[PDB]
């Protein structure tokens, strides 16, 4: 785990890190989920397995939490399901905040960008509501959803810049692989 960038944005200390988000020292981590919180692949599978031992168990608790929180078995972009982080709690991660980005499949548009913007902003607003001081994100939609990584990072930064609050004090973007983290660093440097 390595921190590549740190800056102040409003009341927030914003970091870019390369490494495994399930090991990042934040009180909440964000999951790049699908709309049904079926954690069958990607960072969503990694988080689910880290939290529950078997990803399917975390899918099951996620679906119960989503029904309780939203009254149905899917979420729309910007809605955030909160689940106990279970096995990650001992590392100081109390919650997983599940969000859902759009599927770009190699395309980009203003409509795709706004969906992704909501998927980044929603977890900041949920952190504020809950008094969670520190939160870490993955590059939502830059996995199999095929949204261009630079555009994804730009959109994340727009959400962080627009957000205002008194409880959230630390935000991180955590990217697993070095080459992608270095692309993110390029975006951070030209934007902050």
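Numbering follows the first chain given and starts at 1.
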Practice prompt. Give the stretch, out of 71 to 79 and 84 to 92, with the larger mean C-alpha temperature factor in the deposited entry.
Written response: 84 to 92
Worksheet item: If you average the CA temperature factors over each stretch, which comes out higher, 48 to 56 or 160 to 168?
Response: 160 to 168
Worksheet entry | Chain third (lowest, middle, highest) by recorded CA B-factor, residue given as residue 173 | lowest
Item to complete: Check where residue 32 lands among this chain's C-alpha B-factors and tell me if it's the lowest, middle or highest third.
Response: lowest
Worksheet item: With respect to C-alpha B-factor, does residue 38 fall in the lowest, middle or highest third of the chain as deposited?
Response: lowest
Item to complete: Could you tell me which third, lowest, middle or highest, the C-alpha B-factor of residue 130 occupies within its chain?
Response: highest
